[PDB]
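As C-alpha cells, the structure follows; a few thoughts come after it.
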Amino acid sequence: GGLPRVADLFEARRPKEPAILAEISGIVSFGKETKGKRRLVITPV
DNA sequence: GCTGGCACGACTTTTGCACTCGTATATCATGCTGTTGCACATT
C-alpha cells in the first residue's frame, strides 16, 4: 500500500512471493522422485 | 654664447639550460556480479 507502490508498479519489481502459473493442460502429475530439493515436480504432459 | 635632446663604450641584468637530490563513521532501497555450497546424473 501507500505510494511506494506507483513506484513499485512502474519499475515492475518482482514481489517477495510470486504466484506460479501453468500451461495448456495441467494433468495430475504431483511429483516424481521428490527428493530433498524442490519437491512436487509437476509434469503436465 | 647658452641650452636640451640623440649615440657609444663599458657595466649590469636576464634567460635558456636541462640537471639532479630531495582521521573517519551511524541514510536506506535496489540491482548486479562473483565465490562457495549443495543436489542430481554418470561410469
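So you can find residues: chains in the C-alpha cells are A, B, ... in the order shown, residues in each start at 1, and ligands are numbered from 1 in order.
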Between chain B and chain A, at 12 Å or less, what are the per-residue closest atom pairs and their distances in Å? Count only C-alpha atoms (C1' of nucleotides), order by chain and rising residue number, and return it as CSV.
```
residue,atom,partner,partner_atom,distance
B:29,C1',A:4,CA,11.0
B:30,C1',A:13,CA,9.9
B:31,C1',A:13,CA,10.8
B:38,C1',A:37,CA,9.8
B:39,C1',A:37,CA,6.7
B:40,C1',A:37,CA,9.6
```
(message) Among chain A, which residues does DSSP mark as alpha helix (DSSP H) when it is run on the backbone? Keep the chain and numbering as in the structure and answer as number ranges by chain.
(response) A: 6-10
Can you write out the residues you just picked, keeping C-alpha atoms, as an mmCIF file, in the first residue's frame?
```cif
data_model
loop_
_atom_site.group_PDB
_atom_site.id
_atom_site.type_symbol
_atom_site.label_atom_id
_atom_site.label_comp_id
_atom_site.auth_asym_id
_atom_site.auth_seq_id
_atom_site.Cartn_x
_atom_site.Cartn_y
_atom_site.Cartn_z
ATOM 1 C CA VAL A 6 3.192 3.587 -8.014
ATOM 2 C CA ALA A 7 6.975 3.389 -7.937
ATOM 3 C CA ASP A 8 6.868 -0.353 -7.229
ATOM 4 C CA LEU A 9 4.358 -0.925 -10.029
ATOM 5 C CA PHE A 10 6.086 1.108 -12.728
#
```
(request) Show which residues sit within 9 Å of residue A:32, as a count of residues only. Count only C-alpha atoms (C1' of nucleotides), and ignore same-chain residues fewer than 6 positions away. (result) 5
(request) Tell me, in Å to one decimal, how far atom CA of residue A:5 is from atom CA of residue A:18. (result)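 Between atom CA of residue A:5 and atom CA of residue A:18 the gap works out to 16.3 Å.
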